[PDB]
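# Secondary and tertiary structure notes
Here is what each chain is made of, one letter per residue.
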Amino acid sequence: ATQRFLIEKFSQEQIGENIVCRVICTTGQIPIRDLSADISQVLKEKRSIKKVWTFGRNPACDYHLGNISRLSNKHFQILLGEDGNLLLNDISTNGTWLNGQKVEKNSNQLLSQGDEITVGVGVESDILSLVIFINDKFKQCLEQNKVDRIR
Amino acid sequence: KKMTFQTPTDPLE
(Lines give C-alpha, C1' and ligand atoms only; values in the text may rest on other atoms or scores of the structure.)
Protein backbone atom coordinates (compact mmCIF):
# COMPACT_ATOMS: atom_id res chain seq x y z
CA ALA A 1 0.00 0.00 0.00
CA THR A 2 2.96 2.31 0.64
CA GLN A 3 3.66 2.31 -3.10
CA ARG A 4 0.25 3.81 -3.87
CA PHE A 5 0.21 5.92 -0.71
CA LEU A 6 3.50 7.47 -1.82
CA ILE A 7 1.90 8.58 -5.07
CA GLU A 8 -1.47 9.39 -3.52
CA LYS A 9 0.33 11.38 -0.81
CA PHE A 10 0.73 14.07 -3.46
CA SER A 11 -2.97 14.42 -4.36
CA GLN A 12 -4.67 13.30 -1.10
CA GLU A 13 -4.60 15.73 1.87
CA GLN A 14 -3.28 19.09 0.71
CA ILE A 15 -0.40 20.57 2.71
CA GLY A 16 -1.06 23.58 4.85
CA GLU A 17 -1.16 22.60 8.52
CA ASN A 18 -0.04 26.12 9.39
CA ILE A 19 1.94 27.07 6.36
CA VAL A 20 2.32 30.71 5.48
CA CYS A 21 4.27 30.65 2.23
CA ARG A 22 6.25 28.06 0.26
CA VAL A 23 9.57 28.91 -1.38
CA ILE A 24 10.32 27.08 -4.63
CA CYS A 25 13.49 27.62 -6.67
CA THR A 26 12.65 27.60 -10.39
CA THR A 27 16.26 27.98 -11.53
CA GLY A 28 17.07 24.67 -9.85
CA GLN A 29 19.61 25.52 -7.15
CA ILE A 30 17.94 25.40 -3.74
CA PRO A 31 15.62 22.62 -2.45
CA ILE A 32 11.96 23.51 -1.90
CA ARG A 33 10.91 24.33 1.66
CA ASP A 34 7.75 25.23 3.58
CA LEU A 35 7.47 28.42 5.62
CA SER A 36 4.86 28.45 8.38
CA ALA A 37 3.39 30.40 11.24
CA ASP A 38 0.96 29.49 14.03
CA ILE A 39 -2.51 30.97 13.57
CA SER A 40 -3.14 31.16 17.31
CA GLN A 41 0.03 33.18 17.72
CA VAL A 42 -0.89 35.48 14.83
CA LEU A 43 -4.54 35.80 15.87
CA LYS A 44 -3.58 36.19 19.53
CA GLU A 45 -0.56 38.40 18.86
CA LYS A 46 -1.74 41.53 17.04
CA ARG A 47 1.53 43.47 17.02
CA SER A 48 3.79 44.95 14.33
CA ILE A 49 4.92 41.53 13.11
CA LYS A 50 4.46 37.86 14.01
CA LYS A 51 7.05 35.57 12.42
CA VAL A 52 9.79 36.35 9.91
CA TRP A 53 11.97 34.07 7.78
CA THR A 54 15.60 34.72 6.92
CA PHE A 55 16.98 33.30 3.68
CA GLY A 56 20.56 33.03 2.47
CA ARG A 57 23.75 30.97 2.39
CA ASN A 58 23.77 30.93 6.21
CA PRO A 59 22.98 27.59 7.95
CA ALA A 60 21.15 29.65 10.56
CA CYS A 61 18.95 31.33 8.05
CA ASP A 62 15.45 29.93 7.97
CA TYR A 63 16.38 29.07 4.37
CA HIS A 64 19.62 27.30 3.43
CA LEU A 65 20.65 27.97 -0.17
CA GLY A 66 23.50 26.36 -2.10
CA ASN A 67 26.64 28.49 -2.01
CA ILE A 68 26.75 31.63 -4.17
CA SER A 69 29.29 34.35 -3.35
CA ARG A 70 26.91 36.81 -5.01
CA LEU A 71 24.48 36.04 -2.18
CA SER A 72 24.86 36.98 1.50
CA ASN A 73 24.48 34.76 4.59
CA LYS A 74 20.96 36.12 4.90
CA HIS A 75 20.22 37.36 1.42
CA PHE A 76 16.54 38.01 2.02
CA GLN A 77 13.94 37.87 4.79
CA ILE A 78 10.16 37.35 4.78
CA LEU A 79 7.82 38.73 7.45
CA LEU A 80 4.28 37.62 8.30
CA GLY A 81 1.74 39.72 10.18
CA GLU A 82 -0.12 43.00 9.69
CA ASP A 83 -3.53 41.37 9.29
CA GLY A 84 -4.04 38.65 6.69
CA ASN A 85 -1.29 39.25 4.14
CA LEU A 86 2.46 38.72 3.74
CA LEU A 87 5.51 40.97 3.37
CA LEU A 88 8.90 40.44 1.74
CA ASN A 89 12.01 42.00 3.27
CA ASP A 90 15.24 42.04 1.29
CA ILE A 91 18.44 41.78 3.34
CA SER A 92 21.25 41.06 0.89
CA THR A 93 24.61 42.79 0.62
CA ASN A 94 24.13 43.28 -3.13
CA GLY A 95 20.34 43.44 -3.22
CA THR A 96 17.17 41.40 -3.73
CA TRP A 97 15.14 41.33 -6.94
CA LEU A 98 11.47 40.89 -7.68
CA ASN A 99 10.61 39.68 -11.18
CA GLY A 100 13.59 41.56 -12.58
CA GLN A 101 12.81 44.68 -10.57
CA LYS A 102 15.22 45.44 -7.75
CA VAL A 103 13.49 46.46 -4.51
CA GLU A 104 14.74 48.60 -1.63
CA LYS A 105 16.83 46.56 0.82
CA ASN A 106 15.47 45.92 4.32
CA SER A 107 12.18 47.21 2.92
CA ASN A 108 8.72 45.68 3.34
CA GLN A 109 6.74 44.85 0.20
CA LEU A 110 3.28 43.39 -0.35
CA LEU A 111 3.61 39.72 -1.29
CA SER A 112 2.35 38.51 -4.65
CA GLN A 113 0.72 35.26 -5.77
CA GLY A 114 3.39 32.91 -7.06
CA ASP A 115 5.77 35.87 -6.82
CA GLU A 116 9.45 35.36 -7.58
CA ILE A 117 12.59 36.83 -6.01
CA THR A 118 15.87 37.06 -7.92
CA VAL A 119 19.23 37.34 -6.18
CA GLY A 120 22.92 37.56 -6.98
CA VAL A 121 22.57 40.23 -9.62
CA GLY A 122 25.63 41.52 -11.39
CA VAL A 123 26.43 38.88 -13.96
CA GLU A 124 23.84 37.35 -16.29
CA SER A 125 25.40 34.01 -15.42
CA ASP A 126 25.48 34.70 -11.67
CA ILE A 127 21.85 35.39 -10.95
CA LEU A 128 19.54 33.04 -9.08
CA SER A 129 15.74 33.16 -9.01
CA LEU A 130 13.25 31.97 -6.44
CA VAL A 131 9.47 31.52 -6.58
CA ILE A 132 7.16 32.07 -3.63
CA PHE A 133 3.90 30.13 -3.32
CA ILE A 134 1.17 31.38 -0.98
CA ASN A 135 -0.90 28.78 0.87
CA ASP A 136 -4.54 29.20 -0.16
CA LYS A 137 -5.65 27.31 2.94
CA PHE A 138 -3.81 29.72 5.22
CA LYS A 139 -5.34 32.72 3.47
CA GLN A 140 -8.78 31.25 4.14
CA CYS A 141 -8.25 31.31 7.91
CA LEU A 142 -6.56 34.72 7.86
CA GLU A 143 -9.23 36.05 5.50
CA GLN A 144 -11.86 35.48 8.19
CA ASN A 145 -9.52 36.50 11.03
CA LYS A 146 -12.26 35.43 13.44
CA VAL A 147 -11.78 33.39 16.62
CA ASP A 148 -13.45 30.02 16.11
CA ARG A 149 -15.39 30.24 19.38
CA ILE A 150 -18.38 28.39 17.95
CA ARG A 151 -19.23 25.10 19.64
CA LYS B 1 43.52 34.89 3.00
CA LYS B 2 44.16 37.56 0.36
CA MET B 3 40.55 38.77 0.26
CA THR B 4 37.87 36.07 0.43
CA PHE B 5 34.98 38.40 -0.42
CA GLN B 6 32.30 36.60 1.61
CA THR B 7 29.81 38.59 -0.46
CA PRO B 8 30.91 41.01 -3.23
CA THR B 9 29.03 44.32 -3.21
CA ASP B 10 29.19 44.60 -7.01
CA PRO B 11 32.09 46.97 -7.88
CA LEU B 12 29.96 49.56 -9.67
CA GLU B 13 31.93 52.07 -11.73
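Below you will find a few notes about this structure. (Residues numbered from 1 in each chain as written, not as in the entry; some residues may be left out. Chains lettered and ligands numbered in written order. Heavy atoms only, no water.)

## Let's talk about the overall build of chain A
Secondary structure summary: chain A contains 3 helices and 11 strands in total. Along the chain direction, N to C, the helices and strands of chain A fall in the order α-β-β-α-β-β-β-β-β-β-β-β-β-α. Along the first, second and third principal axes, the C-alpha atoms of chain A reach 55 × 45 × 25 Å. For chain A, with 151 residues in total, the buried portion stands at 40%. A fraction of 40% describes how many contacts in chain A between residues 6 or more apart in sequence connect residues 24 or more apart. When the accessible surface of chain A is split by element, carbon and sulfur atoms take 46% of a total near 9700 Å². Taking the average place of the 19 positive charges on the side chains of chain A and the average place of its 18 negative ones, the gap between the two points comes to 6 Å. (Helix = DSSP H or I, 4+ residues; strand = E, 2+ residues; numbered from the N terminus. Buried < 20%, exposed > 50% of the residue type's maximum accessible area, 1.4 Å probe, protein only. Contact = heavy atoms within 4.5 Å. Areas by Shrake-Rupley, 256 points an atom, 1.4 Å probe, with all protein chains shown as cover. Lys, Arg positive; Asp, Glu negative; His and termini not counted. Charge placed at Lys NZ, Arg CZ, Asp CG, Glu CD.)

## Some remarks on the sheet that holds strand β2 (residues 33-36) of chain A
Residues and elements named next belong to chain A. A sheet is described by the order of its strands in space; here 6 strands give the open sequence β2-β1-β11-β10-β7-β8, paired in antiparallel fashion. Looking at the sheet topology across the chains shown, the edges are occupied by β2 and β8 (101-102). Summarising the sheet, strand β1 (residues 19-24) and strand β11 (residues 128-134) pair through 4 bridges and their orientation is antiparallel. Bridging across to β11, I24 finds its partner in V131. (Pairing = 2+ DSSP bridges.)

## Here's the deal with the pairing of β1 of chain A
Residue and element names in this part refer to chain A. The buried fraction of β1 amounts to 5 of the 6 residues, a majority that puts the element mostly inside the structure. Bridge count between β1 and β2: 4 bridges; the pairing is antiparallel. Each residue of the ladder has a partner; that of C21, found in β2, is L35.

## With respect to the interface of chain A and chain B
Tallying the contact residues gives 9 residues for chain A and 6 residues for chain B. For the chain A and chain B pair, buried surface summed over both sides reaches about 520 Å², with 49% attributable to carbon and sulfur atoms. For the pair chain A and chain B, the number of links is 1 salt bridge. Linking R70 of chain A and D10 of chain B is a salt bridge whose minimum nitrogen-to-oxygen distance equals 3.2 Å. For the pair chain A and chain B, the interface holds 3 residue pairs in polar contact. By residue class, the composition of the side of chain A that touches chain B is 2 nonpolar, 5 polar and 2 charged. (Buried area = accessible area lost by both parts, 1.4 Å probe. Salt bridge = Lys/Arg side-chain N within 4 Å of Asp/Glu carboxyl O. Polar contact = N/O pair within 3.5 Å; in protein donor to acceptor, adjacent residues only side chain to side chain. Nonpolar A, V, L, I, M, F, W, Y, C, P; charged D, E, K, R; others polar.)

## Considering the pattern of salt bridges
As a working rule, side chains carrying opposite charge can pair if their charged atoms are close by. Residue and element names in this part refer to chain A. All chains considered together, the criterion is met by 2 salt bridges over all chains. Residues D34 and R22 are paired through a salt bridge, measuring 3.5 Å at the closest nitrogen-oxygen approach. Here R22 lies in strand β1 and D34 lies in strand β2, a separation of 12 residues in the sequence. Using a relative accessible area of 29% as the deciding quantity, one classes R22 as partly exposed.

## Section: the packing of aromatic side chains
Residue and element names in this part refer to chain A. Under the criterion given, the structure shown has 2 aromatic pairs over all chains. Centroid distance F55 to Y63: 5.1 Å. Interplanar angle 35°. Geometry classified as tilted. Owing to a relative accessible area of 0%, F55 belongs among the buried residues under this scheme. Ring centres 4.3 Å apart and planes at 15° place the aromatic pair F55 and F76 in the stacked group. Pair noted here: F55 is in strand β3 (residues 49-56) and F76 is in strand β5 (residues 76-81), with a separation of 21 residues, a long-range link. Following the ring pairs from residue to residue traces out a cluster consisting of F55, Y63 and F76. (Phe/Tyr/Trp six-rings, centres within 6.5 Å; stacked < 30°, edge-to-face > 60°.)

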